[PDB]
Amino acid sequence: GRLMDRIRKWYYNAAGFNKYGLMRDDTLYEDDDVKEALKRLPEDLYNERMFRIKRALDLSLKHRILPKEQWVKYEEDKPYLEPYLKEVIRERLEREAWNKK
Amino acid sequence: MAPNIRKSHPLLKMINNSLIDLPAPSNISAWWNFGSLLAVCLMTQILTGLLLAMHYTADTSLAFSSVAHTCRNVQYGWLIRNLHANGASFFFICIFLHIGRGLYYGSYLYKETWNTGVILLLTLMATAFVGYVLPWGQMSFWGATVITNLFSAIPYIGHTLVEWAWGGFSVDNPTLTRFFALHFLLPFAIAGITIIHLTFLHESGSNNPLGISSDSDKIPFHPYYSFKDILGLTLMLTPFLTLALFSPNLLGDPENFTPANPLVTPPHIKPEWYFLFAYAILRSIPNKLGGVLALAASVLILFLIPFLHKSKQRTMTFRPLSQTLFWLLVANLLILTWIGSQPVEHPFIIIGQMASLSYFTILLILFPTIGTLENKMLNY
Amino acid sequence: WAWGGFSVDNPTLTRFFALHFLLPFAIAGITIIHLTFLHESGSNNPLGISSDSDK
Amino acid sequence: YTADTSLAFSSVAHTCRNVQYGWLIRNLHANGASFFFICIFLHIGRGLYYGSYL
Amino acid sequence: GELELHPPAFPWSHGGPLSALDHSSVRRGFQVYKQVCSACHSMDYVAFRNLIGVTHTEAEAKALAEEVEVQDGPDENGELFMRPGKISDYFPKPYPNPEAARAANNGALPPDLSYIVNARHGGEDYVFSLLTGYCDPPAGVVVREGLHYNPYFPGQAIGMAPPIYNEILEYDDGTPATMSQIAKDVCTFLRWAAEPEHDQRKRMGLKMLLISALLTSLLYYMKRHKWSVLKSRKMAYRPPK
Amino acid sequence: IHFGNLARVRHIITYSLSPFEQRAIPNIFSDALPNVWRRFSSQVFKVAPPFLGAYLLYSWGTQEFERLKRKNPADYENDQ
Amino acid sequence: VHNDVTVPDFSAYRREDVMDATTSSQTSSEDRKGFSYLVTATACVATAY
Amino acid sequence: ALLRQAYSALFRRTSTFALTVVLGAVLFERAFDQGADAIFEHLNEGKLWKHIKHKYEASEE
Ligand code: HEC
Ligand code: HEM
Ligand code: HEM
Ligand code: HEM
Ligand SMILES: CCCCCCCCO[C@@H]1O[C@H](CO)[C@@H](O)[C@H](O)[C@H]1O
């Protein structure tokens with residue numbers, strides 16, 4: 001069945017970060033890994049995220065949001081950083097494990 | 001050396017880098033106004049406090065009437081006394097929102113700013129506690145006797161530690177004096193520590209409601225926030241004054257208009273409102289020792305918050321689950337406060353224990369758990 | 001005004017005790033400023049000539 | 001200490017007479033004030049003689 | 001817990017946040033206290049001068065205090081002695097010490113009335129209810145020898161015998177001294193004794209609000225005015241795409 | 001020095017007008033209020049609930065306490 | 001290219017006097033500033049009191 | 001046009017702005033007090049000593 005898919009889409013809409021025009025990955029808290037991850041993003045993706053983020057902040061300061069039309073649709077939310085971030089973590093765990101041996 | 005003096009001068013430079021050219025996110029909300037209020041709040045207590053201290057006498061035989069003589073004979077003594085007394089509540093009201101804001105927006109992730117914060121809270125508590133004994137009224141004395149005696153439950157070094165604190169065998173003159181001393185002192189330590197708080201704070205800069213890096217859009221503190229804070233100052237100051245001036249004793253126990261008397265225990269000895277919530281958790285655990293620890297934990301628990309953050313996101317702005325959980329907890333504290341105000345009998349006793357249980361469960365288990373679950377629902 | 005009355009009496013004793021408790025802490029505060037300005041230049045020395053060549 | 005014309009004098013006395021090491025603390029505080037000035041006077045002097053005031 | 005009856009809320013002339021004390025009623029109250037209560041109740045924090053410009057004239061006040069003898073001294077020989085009061089004296093205590101007081105009231109201790117309306121939940125509304133409200137005990141209830149039943153007093157057995165009754169005194173202003181009139185005036189007086197700042201405090205509250213409302217509005221406009229620059233700000237993303 | 005070392009930003013144009021060429025509180029009905037309502041709606045069902053659920057518990061606990069103070073005639077029915 | 005860039009329309013926010021793009025804005029300037037400053041000057045007076 | 005004039009003579013020069021704030025305050029005080037006192041008293045007719053004073057102010061004994 002599609003239970004898991006029903007839930008996710010629900011939570012995705014429940015969270016509501018898409019009303020700001022942000023993408024799942026735009027909301028990631030910038031801890032050590034996410035930091036390295038971002039540095040690896042190709043310039044075009046970096047600049048775009050930056051605009052998105054800056055735009056979201058401006059909405060926040062304005063106490064507004066984007067018109068329904070412009071909201072990020074669950075199925076079109078691009079996971080632009082996730083791939084990078086995973087390797088960044090793969091790498092770390094390797095080092096962490098190796099320095100132990 | 002440099003063009004404008006605001007940056008070169010060894011002192012203006014300080015005032016500038018933290019009140020004028022300081023980078024502030026553009027989207028911070030009203031919940032960020034509490035820092036400045038807490039600060040103003042402090043400067044105000046100290047001012048009214050000194051003014052009252054210049055007429056107070058710390059002696060069991062004169063305390064009560066020194067305070068009375070102040071309100072009755074000193075020009076505007078009555079006003080200063082009120083402002084100081086009610087100011088203490090305005091203080092806590094503010095600190096509780098300040099903390100709340102921190103919790104809901106994961107500000108605590110700024111560990112050192114946060115940890116000094118907990119220290120400010122603890123200090124403010126000691127301060128406001130000793131302060132309340134100074135007028136030496138029924139509740140002043142009795143509360144002091146019950147609260148301080150609590151430590152007597154600590155094993156082996158219990159009684160010793162208390163009789164030491166009391167300066168004798170019971171709350172008496174030697175206590176009143178050392179408390180007045182402590183009360184005069186602590187505020188200044190608060191001020192000092194506030195500088196450290198803001199010092200750590202400035203390393204990272206403020207956090208913001210969306211919980212995402214605000215470097216792409218920062219604004220000079222002045223005029224944006226200098227103005228915003230001055231506005232938030234008058235918006236709160238109104239209710240404070242309205243209360244302090246129209247309903248003066250709306251929050252105080254009438255039992256404190258009766259000079260302390262060691263031969264008449266009041267019917268219901270309870271601490272000031274801002275303490276009830278914990279007084280409540282104290283009575284939840286039947287066992288003088290466990291209840292104390294539970295009390296201690298009720299506040300010391302704040303030191304763990306940072307280590308119980310499991311969400312991949314900082315704030316709860318985009319975490320609806322965590323949000324109800326957050327408002328539940330708030331409501332929970334409200335109830336605990338309420339329970340603290342009522343006697344120790346059914347149906348209160350049980351509601352008490354229930355709320356006390358839900359309190360620790362929410363912070364220790366639910367929050368981090370719902371946090372993890374939330375990550376899976378995002379496909380993280 | 002300062003006396004709180006017509007002569008040095010109780011109202012004075014109290015406000016003095018207050019001032020005496022207070023001032024010391026103002027001293028401590030100011031000492032920080034003192035040393036802050038001090039550190040801009042560093043200490044002076046008996047010969048009165050630039051000691052950068054030997055700190 | 002008690003700040004009241006009717007108790008100040010005796011509060012100090014009662015301190016030196018009944019408080020464990022009260023007498024010592026009272027002395028150290030009192031004499032400490034002079035040590036303070038003695039020191040501040042030399043600190044100033046030092047400054048004048050070596051043009052620290054610059 | 002235990003059973004208790006809570007007094008009602010009388011519409012005191014000074015209940016309004018902006019409403020002051022009716023000094024006439026207060027002036028009467030002072031008499032009630034002076035001629036009835038002062039017999040067993042001490043009012044340590046009020047002095048005859050306090051009346052001046054509030055309920056009596058500097059002259060009346062000077063007189064009212066001379067009606068009492070106070071204890072001053074010592075003299076050249078170290079003895080104590082009597083003298084006629086001055087406006088600087090505080091209302092006379094009825095008993096030397098509490099022990100003596102209890103002794104003359106069946107071990108009961110009539111509390112000083114300086115802050116009574118603030119020392120009891122209900123203040124005047126309570127004090128007023130208590131005074132007028134004495135009555136016989138309901139079935140099954142027995143009041144021990146020496147106490148009197150009052151449903152308004154916790155425990156219902158109070159050591160104070162009904163203190164006021166119709167025409168127990170005569171208001172020199174020509175007011176029908178019905179028991180309730182008395183209680184009412186005296187309660188009004190007790191409010192004042194408890195906090196003389198009452199009127200001034202409220203007059204200030206008025207000023208505080210007016211200024212407050214004015215100042216707030218102004219700073220709201222100013223805050224908005226500066227922020228406008230951001231609030232309306234518009235941006236766009238223009239890569240060389 | 002915090003202004004200049006904050007972030008690497010590229011290609012974002014912004015436009016703003018002096019505070020004097022614009023209104024302080026504009027479009028109160030066309031924009032302001034509609035959003036106040038908007039914001040109020042999005043939250044009620046998150047906040048309100050546990051606060052209402054608190055009130056109840058308070059009311060119950062209060063009323064029940066008073067009830068247990070009242071006497072139950074069923075203790076004196078056979079006390080001739 | 002920058003030539004393809006234009007400032008958006010601030011009609012929604014402009015004050016009444018600077019609403020028409022063909023009227024010197026300077027003539028109503030002293031009013032616009034005199035008002036705002038009037039508000040501020042007042043805030044000071046209140047505060048001072 | 002006062003706004004225009006006000007701006008010119010009062011708000012333009014920082015020095016005159018200050019002078020306005022002061023004299024403005026001095027006059028505001030004088031009027032705000034008198035007014036509020038006025039309002040407070042009407043709201044409390046016949047209750048204040050100011051009101052009943054006459055009865056004992058050279059009209060007894
Ligand atoms: C004969 C002495 C006497 C007189 C006269 C008297 N009282 Fe009392 N009053 C007492 C006593 C006795 C008590 C203590 C009762 C107790 O605590 O059991 C008391 C207590 C009180 C209390 C309430 C105590 C409480 O715990 O609530 C008030 C209020 C009071 N009196 C008011 C008055 C007023 C007003 C008057 C004058 C109208 C008055 N009394 C006159 C003796 C007196
Ligand atoms: C004497 C009491 C205190 C004073 C005067 C004080 C003051 C401030 C000030 C001025 C700020 C900056 C503005 C703001 O965000 O509000 C601040 C921020 C902060 N304070 Fe406090 N604080 C106090 C107590 C506390 C307590 C009890 C805690 C929590 C346990 C705390 C936690 C924080 C944190 C985390 C920040 C970061 C805000 C953000 O998320 O950006 N503070 N505080
Ligand atoms: C940290 C801020 C402060 C807090 C939270 C605080 C709190 C209190 C409290 C709750 C009381 C009891 C008020 C009452 O109900 O009578 C009190 C009384 C008092 N405080 Fe403070 N106080 C503070 C600072 C000060 C300071 C710095 C001084 C002066 C050095 C001071 C001097 C006094 C005096 C003299 C009293 C006794 C008179 C009275 O009870 O009104 N306070 N304070
Ligand atoms: C609370 C009292 C004071 C404290 C605690 C204090 C502390 C210090 C300290 C720690 C130093 C650095 C070491 C040294 O050269 O002694 C210093 C330096 C200095 N202080 Fe003070 N000081 C005090 C009062 C004063 C006064 C009254 C003056 C003169 C009006 C003064 C003038 C200076 C100057 C000019 C220096 C530079 C020393 C040099 O020539 O290198 N100090 N002070
Ligand atoms: C938010 C700022 C509020 C400050 C309001 C100032 C009002 C206090 O004003 C007071 O009013 C009393 C009543 O006549 C006078 O007797 C006092 O002398 C006066 O200082």
# chains A, B, ... in the order shown; residues from 1 in each chain; ligands from 1

$ residues_near_ligand --ligand "ligand 2" --cutoff "8 Å" --atoms "only C-alpha atoms and all ligand atoms" --output "JSON, numbers by chain"
{"B": [31, 32, 33, 34, 35, 36, 37, 38, 39, 40, 41, 42, 95, 96, 98, 99, 101, 102, 105, 106, 107, 108, 109, 110, 111, 113, 114, 115, 116, 117, 118, 119, 120, 121, 122, 124, 190, 191, 193, 194, 197, 198, 201, 205, 206, 207, 208, 302, 303]}

$ residues_around --residues "segment 154-168 of chain B" --least-positions-apart "6" --cutoff "10 Å" --atoms "only C-alpha atoms" --output "PDB file with N, CA and C atoms, in the first residue's frame"
ATOM      1  N   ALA B 144      10.297  31.289  54.748  1.00  0.00           N
ATOM      2  CA  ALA B 144      11.730  31.144  54.937  1.00  0.00           C
ATOM      3  C   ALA B 144      12.044  29.914  55.789  1.00  0.00           C
ATOM      4  N   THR B 145      11.223  29.688  56.812  1.00  0.00           N
ATOM      5  CA  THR B 145      11.407  28.552  57.712  1.00  0.00           C
ATOM      6  C   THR B 145      11.154  27.218  57.051  1.00  0.00           C
ATOM      7  N   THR B 148      13.924  26.915  53.652  1.00  0.00           N
ATOM      8  CA  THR B 148      15.308  26.625  54.029  1.00  0.00           C
ATOM      9  C   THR B 148      15.460  25.294  54.771  1.00  0.00           C
ATOM     10  N   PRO B 174      19.840  36.824  63.017  1.00  0.00           N
ATOM     11  CA  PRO B 174      21.073  36.574  62.272  1.00  0.00           C
ATOM     12  C   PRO B 174      20.832  36.122  60.826  1.00  0.00           C
ATOM     13  N   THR B 175      19.595  35.756  60.527  1.00  0.00           N
ATOM     14  CA  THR B 175      19.267  35.294  59.196  1.00  0.00           C
ATOM     15  C   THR B 175      18.843  36.511  58.405  1.00  0.00           C
ATOM     16  N   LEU B 176      17.944  37.270  59.014  1.00  0.00           N
ATOM     17  CA  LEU B 176      17.432  38.467  58.389  1.00  0.00           C
ATOM     18  C   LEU B 176      18.607  39.295  57.925  1.00  0.00           C
ATOM     19  N   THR B 177      19.613  39.477  58.768  1.00  0.00           N
ATOM     20  CA  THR B 177      20.732  40.276  58.323  1.00  0.00           C
ATOM     21  C   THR B 177      21.482  39.673  57.153  1.00  0.00           C
ATOM     22  N   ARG B 178      21.928  38.429  57.272  1.00  0.00           N
ATOM     23  CA  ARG B 178      22.676  37.868  56.154  1.00  0.00           C
ATOM     24  C   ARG B 178      21.856  37.780  54.884  1.00  0.00           C
ATOM     25  N   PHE B 179      20.530  37.786  55.001  1.00  0.00           N
ATOM     26  CA  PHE B 179      19.720  37.725  53.790  1.00  0.00           C
ATOM     27  C   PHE B 179      19.745  39.107  53.155  1.00  0.00           C
ATOM     28  N   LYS B 288      10.518  13.367  51.888  1.00  0.00           N
ATOM     29  CA  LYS B 288      11.301  14.577  51.994  1.00  0.00           C
ATOM     30  C   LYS B 288      12.527  14.621  51.065  1.00  0.00           C
ATOM     31  N   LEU B 289      13.318  13.551  50.993  1.00  0.00           N
ATOM     32  CA  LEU B 289      14.502  13.581  50.132  1.00  0.00           C
ATOM     33  C   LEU B 289      14.226  13.575  48.631  1.00  0.00           C
ATOM     34  N   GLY B 290      13.422  12.624  48.169  1.00  0.00           N
ATOM     35  CA  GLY B 290      13.114  12.558  46.750  1.00  0.00           C
ATOM     36  C   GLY B 290      12.479  13.840  46.241  1.00  0.00           C
ATOM     37  N   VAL B 292      12.913  16.836  47.258  1.00  0.00           N
ATOM     38  CA  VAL B 292      13.887  17.905  47.106  1.00  0.00           C
ATOM     39  C   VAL B 292      14.566  17.723  45.770  1.00  0.00           C
ATOM     40  N   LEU B 293      15.162  16.555  45.567  1.00  0.00           N
ATOM     41  CA  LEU B 293      15.826  16.277  44.299  1.00  0.00           C
ATOM     42  C   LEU B 293      14.907  16.605  43.116  1.00  0.00           C
TER      43      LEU B 293
END

$ residues_near_ligand --ligand "ligand 5" --cutoff "9 Å" --atoms "only C-alpha atoms and all ligand atoms" --output "MDAnalysis selection string"
(chainID B and resid 76 234 237:238 241) or (chainID E and resid 200:216) or (chainID G and resid 46:47 49) or (chainID H and resid 33:34 36:37)

$ write_last_selection --atoms "N, CA and C atoms" --output "CSV table (one decimal), in the first residue's frame"
chain,number,residue,atom,x,y,z
B,76,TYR,N,6.9,59.4,48.2
B,76,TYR,CA,6.9,58.4,47.1
B,76,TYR,C,7.4,57.0,47.5
B,234,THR,N,7.5,49.9,26.2
B,234,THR,CA,6.2,50.5,26.6
B,234,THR,C,5.0,49.6,26.5
B,237,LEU,N,5.4,47.6,29.8
B,237,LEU,CA,5.4,48.6,30.9
B,237,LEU,C,4.0,49.1,31.3
B,238,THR,N,3.1,49.1,30.3
B,238,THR,CA,1.8,49.6,30.5
B,238,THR,C,1.1,48.6,31.5
B,241,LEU,N,2.6,48.9,35.0
B,241,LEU,CA,2.2,50.0,35.7
B,241,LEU,C,0.7,50.0,36.1
E,200,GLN,N,-4.1,59.5,45.9
E,200,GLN,CA,-3.0,60.0,45.0
E,200,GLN,C,-2.6,58.9,44.1
E,201,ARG,N,-2.5,57.6,44.6
E,201,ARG,CA,-2.1,56.5,43.8
E,201,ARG,C,-3.0,56.4,42.6
E,202,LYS,N,-4.4,56.5,42.8
E,202,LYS,CA,-5.3,56.4,41.7
E,202,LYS,C,-5.2,57.6,40.7
E,203,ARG,N,-5.0,58.8,41.3
E,203,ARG,CA,-4.9,59.9,40.4
E,203,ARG,C,-3.7,59.8,39.5
E,204,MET,N,-2.6,59.1,40.0
E,204,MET,CA,-1.4,58.8,39.2
E,204,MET,C,-1.8,57.8,38.1
E,205,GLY,N,-2.5,56.8,38.5
E,205,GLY,CA,-2.8,55.7,37.5
E,205,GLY,C,-3.5,56.4,36.3
E,206,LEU,N,-4.3,57.4,36.6
E,206,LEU,CA,-5.0,58.1,35.5
E,206,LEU,C,-3.9,58.6,34.5
E,207,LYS,N,-3.1,59.5,35.1
E,207,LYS,CA,-2.0,60.1,34.3
E,207,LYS,C,-1.2,59.1,33.6
E,208,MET,N,-0.8,58.0,34.3
E,208,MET,CA,0.0,56.9,33.7
E,208,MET,C,-0.7,56.4,32.5
E,209,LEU,N,-2.0,56.1,32.5
E,209,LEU,CA,-2.7,55.5,31.3
E,209,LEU,C,-2.6,56.5,30.2
E,210,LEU,N,-3.1,57.7,30.4
E,210,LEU,CA,-3.2,58.8,29.4
E,210,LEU,C,-1.8,58.9,28.7
E,211,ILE,N,-0.8,59.1,29.5
E,211,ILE,CA,0.6,59.3,28.9
E,211,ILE,C,0.9,58.0,28.2
E,212,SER,N,0.7,56.9,28.9
E,212,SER,CA,1.0,55.5,28.3
E,212,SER,C,0.4,55.3,27.0
E,213,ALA,N,-0.9,55.6,26.9
E,213,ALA,CA,-1.6,55.4,25.6
E,213,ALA,C,-1.0,56.3,24.5
E,214,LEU,N,-0.7,57.6,24.9
E,214,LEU,CA,-0.1,58.5,24.0
E,214,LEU,C,1.3,58.1,23.6
E,215,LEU,N,2.1,57.8,24.5
E,215,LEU,CA,3.5,57.4,24.2
E,215,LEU,C,3.6,56.2,23.4
E,216,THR,N,2.7,55.2,23.7
E,216,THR,CA,2.8,53.9,23.0
E,216,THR,C,2.4,54.2,21.5
G,46,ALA,N,6.4,63.8,25.5
G,46,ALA,CA,5.8,62.9,26.4
G,46,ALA,C,6.9,62.3,27.3
G,47,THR,N,7.8,61.6,26.7
G,47,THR,CA,8.9,61.0,27.5
G,47,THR,C,9.5,62.0,28.5
G,49,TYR,N,8.2,64.7,29.9
G,49,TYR,CA,7.3,64.9,31.0
G,49,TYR,C,7.5,63.7,31.9
H,33,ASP,N,-1.2,68.2,33.4
H,33,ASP,CA,-1.5,68.1,34.8
H,33,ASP,C,-2.9,68.8,35.1
H,34,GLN,N,-3.0,70.1,34.9
H,34,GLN,CA,-4.3,70.8,35.1
H,34,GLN,C,-5.5,70.0,34.6
H,36,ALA,N,-5.8,66.6,33.8
H,36,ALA,CA,-6.0,65.4,34.5
H,36,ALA,C,-6.5,65.6,35.9
H,37,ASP,N,-5.9,66.6,36.6
H,37,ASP,CA,-6.4,66.9,38.0
H,37,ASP,C,-7.8,67.2,37.8

$ residues_around --residues "residue 43 of chain H" --least-positions-apart "2" --cutoff "9 Å" --atoms "only C-alpha atoms" --output "ChimeraX atom specification"
/E:18-20 /H:38-41,45

$ interface_residues --of "chain G" --to "chain H" --cutoff "6 Å" --atoms "only C-alpha atoms" --output "PyMOL selection string"
chain G and resi 30-31+34-35+45

$ residues_near_ligand --ligand "ligand 4" --cutoff "9 Å" --atoms "only C-alpha atoms and all ligand atoms" --output "ChimeraX atom specification"
/C:24,27-28,30-32,34-35,38-39,41-46,48 /D:36,39-41,43-48,50-54

$ write_last_selection --atoms "C-alpha atoms" --output "mmCIF file, in the first residue's frame"
data_model
loop_
_atom_site.group_PDB
_atom_site.id
_atom_site.type_symbol
_atom_site.label_atom_id
_atom_site.label_comp_id
_atom_site.auth_asym_id
_atom_site.auth_seq_id
_atom_site.Cartn_x
_atom_site.Cartn_y
_atom_site.Cartn_z
ATOM 1 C CA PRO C 24 33.005 49.234 46.217
ATOM 2 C CA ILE C 27 35.147 50.690 42.000
ATOM 3 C CA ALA C 28 35.534 47.111 40.694
ATOM 4 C CA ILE C 30 35.741 51.042 36.931
ATOM 5 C CA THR C 31 38.920 49.124 37.605
ATOM 6 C CA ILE C 32 38.032 47.042 34.552
ATOM 7 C CA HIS C 34 41.137 51.444 33.993
ATOM 8 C CA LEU C 35 42.907 48.272 32.891
ATOM 9 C CA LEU C 38 45.796 50.617 30.113
ATOM 10 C CA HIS C 39 46.056 47.635 27.794
ATOM 11 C CA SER C 41 49.270 51.069 25.181
ATOM 12 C CA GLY C 42 50.700 48.512 27.570
ATOM 13 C CA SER C 43 52.726 49.382 30.666
ATOM 14 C CA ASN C 44 55.207 52.244 30.879
ATOM 15 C CA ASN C 45 58.667 51.604 32.370
ATOM 16 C CA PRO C 46 61.271 53.332 34.550
ATOM 17 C CA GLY C 48 60.600 56.054 29.937
ATOM 18 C CA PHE D 36 44.369 50.502 50.662
ATOM 19 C CA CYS D 39 48.928 51.615 48.354
ATOM 20 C CA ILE D 40 46.904 54.001 46.279
ATOM 21 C CA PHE D 41 49.188 56.850 47.338
ATOM 22 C CA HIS D 43 50.460 53.973 42.920
ATOM 23 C CA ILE D 44 49.767 57.643 42.254
ATOM 24 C CA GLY D 45 53.255 58.736 43.208
ATOM 25 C CA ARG D 46 54.775 56.121 40.920
ATOM 26 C CA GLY D 47 52.652 57.515 38.132
ATOM 27 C CA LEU D 48 53.679 61.120 38.677
ATOM 28 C CA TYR D 50 57.402 58.243 35.752
ATOM 29 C CA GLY D 51 55.002 60.332 33.723
ATOM 30 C CA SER D 52 52.486 57.485 33.493
ATOM 31 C CA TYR D 53 49.798 60.132 33.498
ATOM 32 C CA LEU D 54 50.673 60.651 29.839
#

$ select_by_dssp --residues "chain F" --states "helix (DSSP H, G or I)" --output "MDAnalysis selection string"
chainID F and resid 28:67 73:75

$ residues_around --residues "segment 39-44 of chain E" --least-positions-apart "3" --cutoff "9 Å" --atoms "only C-alpha atoms" --output "list in words"
residues 33, 34, 35, 36, 47, 90, 91, 92, 93, 94, 95, 101, 105, 109, 110, 111, 112, 113, 114, 115 and 193 of chain E

$ write_last_selection --atoms "N, CA, C and O atoms" --output "CSV table (one decimal), in the first residue's frame"
chain,number,residue,atom,x,y,z
E,33,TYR,N,-13.9,54.7,65.2
E,33,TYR,CA,-12.7,54.0,65.7
E,33,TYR,C,-12.3,54.6,67.1
E,33,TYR,O,-12.0,53.9,68.0
E,34,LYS,N,-12.3,56.0,67.1
E,34,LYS,CA,-11.9,56.7,68.2
E,34,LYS,C,-12.8,56.4,69.4
E,34,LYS,O,-12.3,56.3,70.5
E,35,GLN,N,-14.1,56.4,69.2
E,35,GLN,CA,-15.0,56.2,70.3
E,35,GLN,C,-15.5,54.8,70.6
E,35,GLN,O,-16.1,54.6,71.6
E,36,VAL,N,-15.2,53.8,69.7
E,36,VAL,CA,-15.6,52.4,70.0
E,36,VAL,C,-14.4,51.4,69.9
E,36,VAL,O,-14.1,50.8,71.0
E,47,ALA,N,-0.9,58.6,63.0
E,47,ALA,CA,-0.7,59.7,63.9
E,47,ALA,C,-1.7,60.8,63.7
E,47,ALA,O,-2.1,61.0,62.5
E,90,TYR,N,1.3,59.1,67.8
E,90,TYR,CA,0.5,58.1,67.1
E,90,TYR,C,-0.6,57.7,68.0
E,90,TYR,O,-0.5,57.7,69.3
E,91,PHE,N,-1.7,57.3,67.4
E,91,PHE,CA,-2.9,56.9,68.2
E,91,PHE,C,-2.5,55.9,69.3
E,91,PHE,O,-1.8,54.9,69.1
E,92,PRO,N,-2.9,56.3,70.5
E,92,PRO,CA,-2.7,55.6,71.8
E,92,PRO,C,-3.0,54.1,71.8
E,92,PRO,O,-4.0,53.7,71.3
E,93,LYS,N,-2.1,53.3,72.3
E,93,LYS,CA,-2.3,51.9,72.4
E,93,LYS,C,-3.2,51.7,73.6
E,93,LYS,O,-3.0,52.5,74.6
E,94,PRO,N,-4.1,50.8,73.6
E,94,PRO,CA,-5.1,50.5,74.7
E,94,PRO,C,-4.5,49.7,75.9
E,94,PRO,O,-4.9,49.8,77.0
E,95,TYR,N,-3.5,48.9,75.5
E,95,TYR,CA,-2.8,48.1,76.5
E,95,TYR,C,-1.3,48.1,76.5
E,95,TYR,O,-0.7,48.3,75.4
E,101,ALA,N,-3.4,42.7,77.1
E,101,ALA,CA,-4.6,42.7,76.3
E,101,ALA,C,-5.4,41.4,76.3
E,101,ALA,O,-6.6,41.4,76.6
E,105,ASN,N,-9.4,40.4,77.6
E,105,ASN,CA,-10.4,40.0,76.6
E,105,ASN,C,-10.5,38.5,76.5
E,105,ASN,O,-10.8,37.9,75.4
E,109,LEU,N,-6.7,38.2,71.5
E,109,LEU,CA,-5.8,39.4,71.3
E,109,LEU,C,-6.3,40.2,70.2
E,109,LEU,O,-6.0,40.0,69.0
E,110,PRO,N,-7.0,41.3,70.5
E,110,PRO,CA,-7.5,42.2,69.4
E,110,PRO,C,-6.3,42.8,68.6
E,110,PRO,O,-5.5,43.5,69.1
E,111,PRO,N,-6.2,42.4,67.4
E,111,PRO,CA,-5.1,42.8,66.5
E,111,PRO,C,-5.1,44.3,66.2
E,111,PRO,O,-6.1,45.0,66.1
E,112,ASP,N,-3.9,44.8,65.9
E,112,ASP,CA,-3.7,46.2,65.6
E,112,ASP,C,-4.5,46.4,64.3
E,112,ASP,O,-4.4,45.5,63.4
E,113,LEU,N,-5.3,47.4,64.2
E,113,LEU,CA,-6.0,47.6,62.9
E,113,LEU,C,-5.4,48.5,61.8
E,113,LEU,O,-6.1,48.9,60.9
E,114,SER,N,-4.1,48.7,61.9
E,114,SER,CA,-3.5,49.6,60.9
E,114,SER,C,-3.5,49.1,59.5
E,114,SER,O,-3.7,49.8,58.5
E,115,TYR,N,-3.4,47.8,59.3
E,115,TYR,CA,-3.4,47.1,58.0
E,115,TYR,C,-4.4,46.0,57.9
E,115,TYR,O,-4.3,45.1,57.0
E,193,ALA,N,-6.7,54.0,56.6
E,193,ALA,CA,-5.6,53.8,57.5
E,193,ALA,C,-4.6,52.8,56.9
E,193,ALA,O,-3.4,53.0,57.0

$ atom_distance --atom1 "atom CA of residue 72 of chain B" --atom2 "atom CA of residue 23 of chain C"
28.3 Å

$ residues_around --residues "residue 11 of chain G" --least-positions-apart "3" --cutoff "10 Å" --atoms "only C-alpha atoms" --output "list in words"
residues 22 of chain F; 8, 14, 15, 16, 18, 19, 20 and 21 of chain G

$ closest_atom_pairs --of "segment 212-279 of chain B" --to "segment 50-59 of chain A" --cutoff "9 Å" --atoms "only C-alpha atoms" --output "CSV"
residue,atom,partner,partner_atom,distance
B:212,CA,A:53,CA,7.6
B:213,CA,A:53,CA,7.9
B:214,CA,A:57,CA,7.3
B:215,CA,A:54,CA,8.6
B:216,CA,A:54,CA,5.7
B:217,CA,A:54,CA,6.2

$ atom_distance --atom1 "atom CA of residue 153 of chain B" --atom2 "atom CA of residue 270 of chain B"
18.8 Å

$ residues_near_ligand --ligand "ligand 1" --cutoff "8 Å" --atoms "only C-alpha atoms and all ligand atoms" --output "JSON, numbers by chain"
{"E": [32, 33, 36, 37, 38, 39, 40, 41, 102, 105, 106, 108, 109, 110, 111, 113, 116, 117, 120, 127, 130, 131, 147, 153, 154, 157, 158, 159, 160, 161, 162, 163, 164, 182, 183, 186, 187, 190]}

$ atom_distance --atom1 "atom CA of residue 2 of chain E" --atom2 "atom CA of residue 138 of chain E"
16.5 Å
